[PDB]
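K.L.:
Got an experimental structure here, sequence first:
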Amino acid sequence: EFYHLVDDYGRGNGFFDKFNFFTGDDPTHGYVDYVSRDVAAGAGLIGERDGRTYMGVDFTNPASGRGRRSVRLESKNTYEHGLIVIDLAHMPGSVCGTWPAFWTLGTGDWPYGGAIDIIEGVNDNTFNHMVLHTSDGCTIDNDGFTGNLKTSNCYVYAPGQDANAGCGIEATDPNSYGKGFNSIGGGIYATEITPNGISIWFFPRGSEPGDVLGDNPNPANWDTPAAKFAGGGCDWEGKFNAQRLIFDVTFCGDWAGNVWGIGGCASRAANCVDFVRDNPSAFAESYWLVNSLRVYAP
């Protein structure tokens, strides 16, 4: 009557089979070494934990080569419109030097297909950042959400663009990300993509609507979203094409590495790379633990 399931991603190997593992150099120039599925499994970076799907980074070995070992999974299936609901028992922590992201990326050359960052942050961030990335000609309005809008222009390369490289809204619940989020047993992030805009809701563990995990979720009746990206300043239908789901954790790089020295992690090491290379144990909390990932369509 409102939305129907188009994909339940399951768990474990069945879940992994639905993604391609990216092993190229990090597009955001981080100190990371994205490894293949076989290598990741051999290093304990992916697996199943009591029925939940685990995706993490190397928190054992001093790093070498391209950087600290991690994985970047990109879905084989793509969606032009729909509702993506992820129930997470855990997400990468608020760890200095890290830059985790659960997001979507359109087809074609970046940023022409658009991109939607659902869960994202850097270093010791407390609040989740929800950010879109588009080509020029896409700005957002100020209403319909509970978060704090930080940037209004989604064009990645706009004139005085923020380090978030897009139009971002910051959550106001400190349990929306990292440490706080893990401390409460996680929660659910629901993202709706329509021809008129994108909305993202965050439900801390136990507060989610009774229909968000079922077979007919209906966002029209949910409380105000944490972020809403809409308005006449953007062609929402044309700026985003078929999106693939992505899980990753990179380190340092364009955002985390560039703001390292001016933030709360500055005293940990002269620069981000030194820290990530020499302190493997610092990254134990940098993992995703999925209860369920389901995509729906109207």
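P.N.:
Nice, I can see it. Residues are numbered from 1 along each chain as shown.
K.L.:
Only C-alpha atoms from now on, for both contacts and neighbour counts.
P.N.:
Will do.
K.L.:
which residue ranges form the strands in the stretch 1-150 of the chain?
P.N.:
Residue ranges of the strands in the stretch 1-150 of the chain, as given by DSSP state E, counting those that start in this stretch, are 4-8, 19-22, 32-34, 46-49, 52-55, 68-70, 72-75, 82-90, 98-106, 115-120, 129-133, 148-149.
K.L.:
what's the closest of the ones you listed to residue 184?
P.N.:
With CA to CA as the criterion, residue 184 lies closest to strand 82-90 of these, at 8.9 Å.
K.L.:
where's that closest one relative to the chain centroid, distance-wise?
P.N.:
A distance of 11 Å separates the C-alpha centroid of strand 82-90 from that of its chain, computed with CA atoms, centre = their mean, to the nearest Å.
K.L.:
quick check: angle from it to strand 4-8?
P.N.:
Using axes from the mean of the first three to the mean of the last three CA atoms, to 10 degrees, the direction of strand 82-90 lies 50 degrees away from that of strand 4-8.
K.L.:
Quick one, which of the strands of the stretch 1-150 of the chain gets closest to residue 220.
P.N.:
Taking CA to CA as the criterion, residue 220 comes closest to strand 82-90 out of the strands of the stretch 1-150 of the chain, the separation being 11.9 Å.
K.L.:
quick one: buried residues of that closest one?
P.N.:
Buried residues in strand 82-90, defined by neighbour count with 16 or more other CA atoms under 10 Å: 82-90.
K.L.:
And these, which is closest to residue 73?
P.N.:
Closest approach between those and residue 73, by CA to CA: residue 86, at 14.9 Å.
K.L.:
Quickly find the element holding the residue lying closest to the closest one once chain neighbours are set aside.
P.N.:
Distances taken as CA to CA, 6 or more residues apart in numbering put residue 293 closest to residue 86, at 4.5 Å, once the chain neighbours are dropped. Under the criterion of DSSP states H and E, residue 293 resides in strand 288-297.
K.L.:
picking up where we left off before, could I get the strands of the stretch 1-150 of the chain as a markdown table with distance to residue 212?
P.N.:
Formatted as a markdown table, these follow (distance: least, CA to CA, whole Å):
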| stretch | distance to residue 212 |
| --- | --- |
| strand 4-8 | 11 |
| strand 19-22 | 23 |
| strand 32-34 | 32 |
| strand 46-49 | 23 |
| strand 52-55 | 18 |
| strand 68-70 | 30 |
| strand 72-75 | 21 |
| strand 82-90 | 7 |
| strand 98-106 | 18 |
| strand 115-120 | 16 |
| strand 129-133 | 20 |
| strand 148-149 | 24 |
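K.L.:
winner for burial among the ones you listed?
P.N.:
Among the strands of the stretch 1-150 of the chain, strand 129-133 has the highest mean neighbour count (mean count of other CA atoms under 10 Å), at a mean of 28.
K.L.:
Look up how far residue 288 lies from residue 145.
P.N.:
Residue 145 is 26 Å from residue 288, where distance means CA to CA, to the nearest Å.
K.L.:
what do you get for residue 106?
P.N.:
Remark: distance between residue 106 and residue 288 (CA to CA) = 22 Å.
K.L.:
re earlier: so what strands line up beside the strand holding residue 293?
P.N.:
Strand partners for strand 288-297, identified by DSSP bridges, are recorded as strand 4-8 (antiparallel), strand 52-55 (antiparallel), strand 82-90 (antiparallel).
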